[PDB]
Amino acid sequence: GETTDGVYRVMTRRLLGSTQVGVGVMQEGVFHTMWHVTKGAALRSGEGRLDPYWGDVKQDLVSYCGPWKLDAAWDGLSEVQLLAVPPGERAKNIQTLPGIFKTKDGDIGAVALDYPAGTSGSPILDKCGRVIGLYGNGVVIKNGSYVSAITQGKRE
Amino acid sequence: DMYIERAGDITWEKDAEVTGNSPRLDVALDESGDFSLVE
Ligand SMILES: CC1(C)C(=O)Nc2ccc(C(=O)Nc3ccc4c(c3)CNC4)cc21
């Protein structure tokens, strides 16, 4: 099916009507998304089929048709863009300065933007347009707002 | 059965809407891939 690079919606017809469960990135022939969006299930792209290739529940990432290709990283200083693809709404870039998730295994950038759960898998970009991570896995702070980690995979 | 639909190009947009704060949070990551606030 469609293998052109770009951001894509992950849809399902199992529920009422057509429901958007997430978003993903097509790059170098590989579809990248978050694990909790597909649960590792096969994907359809028109008549074609995309089979899972690599995945990990702890990282919350999954790749289709090949290994993880995205390896750009947040520089720890600059503003980034969340290319949000919300359910039923047009792709729209949102600029923000990320915060930090301090963990026992190092620090990770984090974006404090609130979107429907179906926006999970939307890419976070640097000024060069490179995907530095995906949106959709983080925490809910005291006032009820959402903070997502800038989740990046490893390129082998 | 899940399917994919193209939603656009991945490009940086000059003069995009600038919003959101930068909080420094102490967090923990469990085996299920779920984050939690460390207190
Ligand atoms: C609605 C709200 C708060 C929001 O504003 N944006 C998002 C984005 C993602 C989720 C989300 O639930 N993500 C998730 C679900 C399941 C699992 C993981 C992550 C990683 N382990 C299993 C929620 C939100």
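Definitions and limits used
- Residues numbered from 1 in each chain as written, not as in the entry; some residues may be left out.
- Chains lettered and ligands numbered in written order.
- Heavy atoms only, no water.
- 1 Å grid on protein atoms, 1.4 Å probe; cavity = no way out; pocket = protein on both sides within 12 Å on 5 of 7 lines; lining within 4 Å.
- Points joined across faces, edges and corners; volume = space filled by probe spheres on them.
- Helix = DSSP H or I, 4+ residues; strand = E, 2+ residues; numbered from the N terminus.
- Salt bridge = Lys/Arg side-chain N within 4 Å of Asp/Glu carboxyl O.
- Buried < 20%, exposed > 50% of the residue type's maximum accessible area, 1.4 Å probe, protein only.
- Contact = heavy atoms within 4.5 Å.
- Buried area = accessible area lost by both parts, 1.4 Å probe.
- Polar contact = N/O pair within 3.5 Å; in protein donor to acceptor, adjacent residues only side chain to side chain.
- Core = buried A, V, L, I, M, F, W, Y, C linked by side-chain atoms within 4.5 Å.
- Domains from an automatic or database assignment.
- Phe/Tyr/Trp six-rings, centres within 6.5 Å; stacked < 30°, edge-to-face > 60°.

Draft legend 1. Representation of the layout of surface pockets. Its volume calculated, the largest pocket comes out at about 390 Å³. Lining the largest pocket are 16 residues, with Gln59(A), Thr103(A), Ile108(A), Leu29(B) and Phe35(B) sitting closest to its centre. Ranked by residue count, the leading element in the lining of the largest pocket is strand 3 (residues 24-29) of chain B, at three residues.

Draft legend 2. How the structure looks around the pattern of salt bridges. Considering all chains together, one arrives at six salt bridges over all chains under this definition. Across the pair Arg155(A) and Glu28(A) runs a salt bridge, and its minimum N-O distance is 3.1 Å. With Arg155(A) in the segment after strand 15 (146-149) and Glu28(A) in the loop between strand 2 (19-27) and strand 3 (30-34), the pair connects residues that are 127 residues apart, well separated along the chain. Since its relative accessible area comes to 44%, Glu28(A) is described here as partly exposed. Notably, a salt bridge pairs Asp1(B) with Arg44(A), separated by 3.5 Å at the nearest N-O pair. Remark: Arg44(A) occurs in strand 4 (residues 43-45) and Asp1(B) occurs in the segment before strand 1 (2-8); the pair is interchain, linking two chains. Its relative accessible area of 25% is what places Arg44(A) among the partly exposed residues.

Draft legend 3. How the structure looks around the interface of chain B and chain A. Contact with chain B, which involves 33 residues of that partner, is made by 59 residues of chain A. Summing the contributions of chain B and of chain A, the shared interface buries around 4100 Å²; its carbon and sulfur component is 59%. For the pair chain B and chain A, the number of links is one salt bridge. Where chain B meets chain A, there are 22 residue pairs in polar contact. Elements supplying a minimum of two residues to the side of chain B that touches chain A: strand 1, strand 2 (17-18), strand 3 and strand 4 (35-37) of chain B.

Draft legend 4. View of the nonpolar core. The biggest cluster of nonpolar side chains holds 24 residues, and the ones touching the most others in it are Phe31(A), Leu43(A) and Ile4(B). Those elements that place two or more of their residues in this core are strand 1 (6-12), strand 2, strand 3, strand 7 (61-64) and strand 13 (131-134) of chain A together with strand 1 of chain B. Counting contributing residues, this core receives three or more from each of domain 1 (6-64) and domain 2 (80-149) of chain A. When sequence neighbours within four positions are dropped, the list of residues in contact with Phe31(A) reads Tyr8(A), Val10(A), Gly24(A), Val25(A), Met26(A), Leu43(A), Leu50(A), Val62(A), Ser63(A), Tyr64(A) and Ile4(B). The next biggest cluster of nonpolar side chains, apart from the first, holds 14 residues, and it includes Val80(A), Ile94(A), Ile124(A) and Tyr146(A).

Draft legend 5. Local environment of the packing of aromatic side chains. Residue and element names in this part refer to chain A. Considering all chains together, one arrives at six aromatic pairs over all chains under this definition. Between the aromatic rings of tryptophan 54 and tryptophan 68, the centroid separation amounts to 6.1 Å while the plane-to-plane angle is 70°, which identifies the pairing as edge-to-face. With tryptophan 54 in strand 6 (residues 52-56) and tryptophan 68 in the loop between strand 7 and strand 8 (80-84), the pair connects residues that are 14 residues apart, well separated along the chain. Here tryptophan 54 falls in the partly exposed class, since its relative accessible area comes to 27%. Considering the side-chain rings of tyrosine 135 and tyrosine 146, the 5.9 Å spacing of their centres and the 90° angle between planes classify their relative orientation as edge-to-face. Within this pair, whereas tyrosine 135 is found in the loop between strand 13 and strand 14 (138-140), its partner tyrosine 146 is found in strand 15, the two being separated by eleven residues in sequence. Residue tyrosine 135 shares its accessibility class with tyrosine 146, and that shared class is buried. Through successive ring pairs, a cluster of aromatic residues spans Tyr8, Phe31 and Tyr64.

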